[PDB]
Amino acid sequence: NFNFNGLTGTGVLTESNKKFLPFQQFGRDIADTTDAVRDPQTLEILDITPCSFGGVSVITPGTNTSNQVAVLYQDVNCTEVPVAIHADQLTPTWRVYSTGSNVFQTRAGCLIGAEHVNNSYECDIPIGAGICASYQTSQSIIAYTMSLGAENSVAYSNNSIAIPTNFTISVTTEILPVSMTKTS
Amino acid sequence: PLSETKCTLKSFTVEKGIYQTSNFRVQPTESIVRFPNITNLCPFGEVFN
Amino acid sequence: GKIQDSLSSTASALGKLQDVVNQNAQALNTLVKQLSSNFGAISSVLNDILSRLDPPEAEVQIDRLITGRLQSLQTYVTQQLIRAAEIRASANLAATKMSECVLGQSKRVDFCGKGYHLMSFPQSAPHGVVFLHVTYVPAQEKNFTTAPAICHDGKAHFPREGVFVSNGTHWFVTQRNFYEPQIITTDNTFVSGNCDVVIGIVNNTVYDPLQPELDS
Amino acid sequence: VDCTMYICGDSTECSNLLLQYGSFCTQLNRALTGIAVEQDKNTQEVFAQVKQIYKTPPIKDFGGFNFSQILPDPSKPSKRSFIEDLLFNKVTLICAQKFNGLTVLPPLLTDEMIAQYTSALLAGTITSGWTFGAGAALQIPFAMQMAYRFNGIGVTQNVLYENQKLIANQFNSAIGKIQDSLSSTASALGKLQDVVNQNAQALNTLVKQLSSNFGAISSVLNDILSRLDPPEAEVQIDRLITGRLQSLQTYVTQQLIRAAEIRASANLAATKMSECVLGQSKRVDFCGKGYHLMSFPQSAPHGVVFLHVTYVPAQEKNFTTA
Ligand SMILES: *[C@@H]1O[C@H](CO)[C@@H](O[C@@H]2O[C@H](CO)[C@@H](O[C@@H]3O[C@H](CO)[C@@H](O)[C@H](O)[C@@H]3O)[C@H](O)[C@H]2NC(C)=O)[C@H](O)[C@H]1NC(C)=O
Ligand SMILES: *[C@@H]1O[C@H](CO)[C@@H](O[C@@H]2O[C@H](CO)[C@@H](O[C@@H]3O[C@H](CO)[C@@H](O)[C@H](O)[C@@H]3O)[C@H](O)[C@H]2NC(C)=O)[C@H](O)[C@H]1NC(C)=O
Ligand SMILES: *[C@@H]1O[C@H](CO)[C@@H](O[C@@H]2O[C@H](CO)[C@@H](O)[C@H](O)[C@H]2NC(C)=O)[C@H](O)[C@H]1NC(C)=O
Ligand SMILES: *[C@@H]1O[C@H](CO)[C@@H](O[C@@H]2O[C@H](CO)[C@@H](O)[C@H](O)[C@H]2NC(C)=O)[C@H](O)[C@H]1NC(C)=O
Ligand SMILES: *[C@@H]1O[C@H](CO)[C@@H](O)[C@H](O)[C@H]1NC(C)=O
């Protein structure tokens, strides 16, 4: 919590390369929010940013199938995750999910409890940034990059065609809402 | 976290998927107050004593 | 039978319609919960304010409670209006699907289900409709050699309706969506100019159906 | 939007005061999550219409037709076509707004995956035509595909084979002309740029609304907490909370309306892809102006571009008829 000549705020101070004018004291962005500050005791400029901030998401398969779950912290490098939740919860359970061997970093954020693998499968539980987690393997939660599909190189040529021999009469169910309860 | 998900869903069973349970923020580690350095021997102290 | 079994076994098949219902239900529940909110007032029960507090301050307390409840109700009504617009769009889509699929055959791709649409069977459901889109779909495909046209009598020939396919030795004309090879004849082909302008044209004989009759 | 943080900002007293208002923040968060899921579903529906990731042949022997401008370029780091690269470059604040409780960036599908989906759709349309859009993909020469489309629009296939070279040259010239028009004209992508600008303006207005006192002594909770004692700081914070909550409700309602509009646009785009891209559409002026033949999908930041190809009469001669 920083106070600079009444400029009360909270954030992480860091060295700034901005060249403030001699008379200039505070910095601002297009949003009209402080982004830099000058130390009143020395001609130094320091940036201001939110501490870590972020939502927490639980990725879990069907409870009747398994109990272990993965924890995703949004847009935060894993190094800050142990301090992100203060690690002051009950000694088992949450403490395990705050740090461990299976820790992965992605544009979405930091994932814990999911073992990253090179193999790509269909997106089971979407996470983001083209990354999804699946419970399939002992069975454990894994995270991977969802595969858009199976590669199929069509044998194209300028003098060859493909004609069906038999067919299939498929039936597909399409469900569409038509109305809602007439609440008054 | 499973119990937090159950709370947010208000149910004892949770289906496969990802659920946003809550938010988190790194609390202020310490409080820092900085004001301009103090001028040398202002007349205020001269007046007293 | 397979779709019936899938619907019976799969609980999430109707997840769409149920979700809608659930959404509405949830909203209703939320509205009721909004009646148990102080909104800065001393209490959330009008009787408590009326009894404990005298009219001079009970007036402002009830005004605050009324403002909070009215804001909650307006938010709920706006959400309901947005959801009703979404439901109207869905119902218009469903009516269009009923008209173009059940009452007729639609040439739109992936509109009346996946595949070459044939017909659809409407079914009712709580606040929703289900379409059993029936679609012809190719199952097994065989690859052959094809040419854009045929030059039999020094003139290019093009299929009247179909494509010229050919296995190892012989040449045949078959419909695009089914492998039904037929003998190439002038009946199912038409000529257009010479055969030195088309690229990829091949030599072949177009049997004349009149030749057996001409001989007699 | 972190409703509690945006309204209060690590103010315990403000959080306690807002707790008396019910769960408005809960509904706002639910609506925003639903909007995000809606956007993800729209993107999936528009771009996940191909069962398999079809790949073009190593040699582009398409009877003179050129698809380099629309096909992926291996040389570039990102496997994006020239037109796709131009669209991405032309479209260009948000990253400098994630300070007051905004998390925007993470999409379900990255630009690379959307580019791969578009490439697969293009490969299926070129090598297989519309066959891959209704079952197993059946290979066919592109010249024969154009012949089939000409027959479909009511023109005998013989014209294409008689003027295959001319038609291919015209198609290449049209592709080059549209590429040049997109490069030179900055208003070609007006819709996507306008949507992005509207979203950025809405977010900026929401952020700036925190500086409005809404009838309070000050717009910063610390000043009210310090200068004013709790008996009056409570009412001041309540007034500020009411103002901020009203602003957030208005912003969320506008976001919901815009999300509904975007869902309608995405449904239209998916219909066009199903009909214009995965098949031949008989609808007039639906897949471009003129007798539609085929379409080429291209990805752009938060949008799609269809290069609708249309046969159009050019020279008309008058004759007597009975
Ligand atoms: C083209 O594809 C269709 C689609 O399946 C084929 O029809 C099916 O062909 C199989 C193989 O001959 C049939 O299985 C047979 O069933 C009988 C009676 O149960 C059984 O005694 C045989 O031992 C064999 O298992 C199947 O009944 C038949 N129909 C269906 C609905 O699957 C068709 O044969 C393929 N070929 C052609 C030229 O159409
Ligand atoms: C399809 O059939 C036609 C004839 O029915 C083929 O055209 C003929 O091709 C032969 C092969 O060369 C020609 O013979 C010789 O060609 C040389 C070079 O052009 C020329 O200098 C000779 O005087 C001699 O003509 C023949 O002239 C030509 N035309 C005929 C027979 O009327 C055609 O080649 C066949 N298509 C394909 C793809 O082979
Ligand atoms: C404000 O006053 C302080 C008083 O200490 C100054 O501190 C100086 O710091 C530098 C190092 O950067 C030392 O070399 C000097 O010896 C310090 N001065 C004294 C008197 O000890 C500080 O520089 C001043 N800042 C401004 C902007 O005037
Ligand atoms: C389709 O592609 C094949 C393979 O390249 C082409 O075959 C060539 O045809 C020309 C035409 O005179 C010959 O000069 C070449 O020697 C052929 N090359 C080979 C490797 O066979 C064919 O012309 C193309 N066009 C079609 C099939 O219509
Ligand atoms: C912080 O996050 C960035 C990217 O999110 C990463 O490159 C960097 O290494 C992280 N630093 C720490 C100390 O976690």
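About the thresholds
- Residues numbered from 1 in each chain as written, not as in the entry; some residues may be left out.
- Chains lettered and ligands numbered in written order.
- Part of a larger assembly, values for the part shown.
- Heavy atoms only, no water.
- Residues with missing side-chain atoms left out of burial classes, pairs and counts.
- Contact = heavy atoms within 4.5 Å.
- Buried area = accessible area lost by both parts, 1.4 Å probe.
- Salt bridge = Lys/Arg side-chain N within 4 Å of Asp/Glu carboxyl O.
- Disulfide = S-S within 2.5 Å.
- Helix = DSSP H or I, 4+ residues; strand = E, 2+ residues; numbered from the N terminus.
- Nonpolar A, V, L, I, M, F, W, Y, C, P; charged D, E, K, R; others polar.
- Pairing = 2+ DSSP bridges.
- Buried < 20%, exposed > 50% of the residue type's maximum accessible area, 1.4 Å probe, protein only.
- UniProt positions renumbered as here; feature names shortened; annotations may be inferred.
- Near = heavy atom within 4 Å.
- Polar contact = N/O pair within 3.5 Å; in protein donor to acceptor, adjacent residues only side chain to side chain.
- Areas by Shrake-Rupley, 256 points an atom, 1.4 Å probe, with all protein chains shown as cover.
- 1 Å grid on protein atoms, 1.4 Å probe; cavity = no way out; pocket = protein on both sides within 12 Å on 5 of 7 lines; lining within 4 Å.
- Points joined across faces, edges and corners; volume = space filled by probe spheres on them.
- Axes fitted to C-alpha atoms, helices over the stretch in contact; angles between N-to-C directions.
- Parallel < 35°, antiparallel > 145°, perpendicular 65-115°, else oblique.
- Left-handed = near helix turned anticlockwise from the far one by under 90°.

- Deposited coordinates in this entry are attributed by the record to cryo-EM, at a stated resolution of 2.7 Å.

**Overview of the interface of chain C and chain A**
And step 1. At the interface, 51 residues of chain C touch 24 residues of chain A.
And step 2. Summed over both sides, the interface between chain C and chain A buries roughly 3500 Å², with carbon and sulfur atoms accounting for 63% of that surface.
And step 3. On the chain C side of the interface with chain A, the three residues burying the most area are C:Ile87, C:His127 and C:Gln140, jointly 14% of the side's total.
And step 4. Seen at the junction of chain C and chain A, the total is 1 salt bridge.
And step 5. Close ionic contact of A:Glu174 with C:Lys97 constitutes a salt bridge, the shortest N to O distance being 3.3 Å.

**Details of the state of the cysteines**
Residue and element names in this part refer to chain A.
And step 1. Inspection of every chain in the model, using the stated rule, returns 7 disulfides over all chains.
And step 2. The disulfide that involves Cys78 links it to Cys110, with 2.0 Å between the sulfurs. Because the torsion about its S-S bond is 110 degrees, the bridge between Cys78 and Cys110 counts as right-handed. Of this pair, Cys78 sits in the loop between β8 (70-74) and α1 (81-84) while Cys110 sits in strand β10 (residues 109-112); the two residues are 32 residues apart in sequence, bridging distant segments of the chain.

**Points about the interface of chain A and chain D**
And step 1. At the interface, 33 residues of chain A touch 39 residues of chain D.
And step 2. Taken together, the elements giving at least two residues each to the side of chain A that touches chain D come down to β12 (125-128), β15 (151-153) and β16 (160-177) of chain A.
And step 3. At 4 residues, the largest contribution of residues to the side of chain A that touches chain D is made by β16(A).
And step 4. In the side of chain A that touches chain D, the residues fall into 16 nonpolar, 12 polar and 5 charged.
And step 5. Strand direction decides the pairing type here: β15(A) and strand β1 (residues 53-55) of chain D, joined by 3 bridges, are parallel. Bridge pairing links A:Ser153 to D:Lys55 in β1(D).

**A few points about the sheet that holds strand β4 (residues 150-151) of chain C**
And step 1. The sheet built from 4 strands is open, its strands ordered β8-β5-β4-β9 (chain C) with mixed pairing. Edge strands, defined here as strands with exactly one partner in the open sheet, are β8 (189-194) and β9 (202-203) of chain C.

**Description of the pairing of strand β5 (residues 155-159) of chain C**
Residues and elements named next belong to chain C.
And step 1. Buried residues dominate β5, accounting for 4 of its 5 residues.
And step 2. Note: β4 against β5, 2 bridges, orientation antiparallel. Considered in β5, the bridge of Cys151 is made with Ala156.
And step 3. Pairing geometry for β5 and β8, over 4 bridges, is antiparallel. If you follow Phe158 over to β8, its bridge partner there is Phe190.

**Let's talk about the UniProt feature "disulfide bond" in chain C**
All names here are of chain C.
And step 1. Agreement with UniProt is obtained for the disulfide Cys101 to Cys112: its S-S length of 2.0 Å falls short of 2.5 Å. Of this pair, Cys101 sits in helix α4 (residues 55-102) while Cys112 sits in the loop between α4 and β1 (116-119), and the two are 11 residues apart along the sequence. Considered together, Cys101 and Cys112 belong to a single accessibility category, that of buried residues.
And step 2. The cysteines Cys151 and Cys195 that UniProt joins by a disulfide are bonded here; their SG atoms are 2.0 Å apart. Linking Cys151 in strand β4 with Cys195 in the loop between β8 and β9, this pair joins segments that are 44 residues apart in sequence.
And step 3. For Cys195, a relative accessible area of 17% translates into the label buried.

**Things to note about the site of ligand 5**
Residue and element names in this part refer to chain A.
And step 1. Around ligand 5, the neighbouring residues are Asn77, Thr79 and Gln105.
And step 2. In this structure, an oxygen atom belonging to ligand 5 sits 2.4 Å away from a side-chain N or O atom of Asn77.
And step 3. For ligand 5, whose unbound accessible area comes to 360 Å², protein coverage reaches 32%.

**Concerning the layout of surface pockets**
And step 1. Taken as a whole, the second largest pocket holds about 1500 Å³ of empty space.
And step 2. Together, 49 residues line the second largest pocket, and A:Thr8, A:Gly9, A:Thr10, D:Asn100 and D:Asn222 are the ones closest to its centre.
And step 3. Only β1 (2-4), β2 (7-9), β5 (34-38) and β6 (45-49) of chain A, β2 (32-34) of chain B together with α1 (3-7), α9 (190-208) and α10 (221-227) of chain D provide two or more residues apiece to the lining of the second largest pocket.
And step 4. For the lining of the second largest pocket, the residue count by class is 20 nonpolar, 18 polar and 11 charged.

**Comments concerning the packing of helix α3 (residues 24-47) of chain D against helix α11 (residues 230-277) of chain D**
Residues and elements named next belong to chain D.
And step 1. At their nearest, the axes of α3 and α11 sit 10 Å apart, and the two run at 15 degrees to each other. Overall, the two elements α3 and α11 adopt an arrangement that is roughly parallel. The chirality of how α3 crosses α11 is left-handed.
And step 2. Residues of the contact of α3 with α11, tallied by class, amount to 17 nonpolar, 5 polar and 3 charged.

**Let's talk about empty space enclosed by the protein**
And step 1. Counted as a void, the largest cavity has a volume near 160 Å³.
And step 2. In terms of lining residues, the largest cavity is bounded by 15 residues, among which D:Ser128, D:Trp130, D:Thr131, D:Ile140 and D:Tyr148 are the most central.
And step 3. Ranked by residues supplied to the lining of the largest cavity, first place goes to β16(A) with 3 residues.
And step 4. Of the residues that constitute the lining of the largest cavity, the class distribution is 8 nonpolar, 6 polar and 1 charged.
And step 5. For the second largest cavity, the calculated volume is near 50 Å³.
And step 6. Along its surface, the second largest cavity is lined by C:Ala147, C:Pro148, C:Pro159, C:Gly162, C:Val163, C:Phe164, D:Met144, D:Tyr148, D:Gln157 and D:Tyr161.
And step 7. Listing elements by their share of the lining of the second largest cavity, those giving two or more residues are β6 (163-166) of chain C together with α6 (142-152) of chain D.

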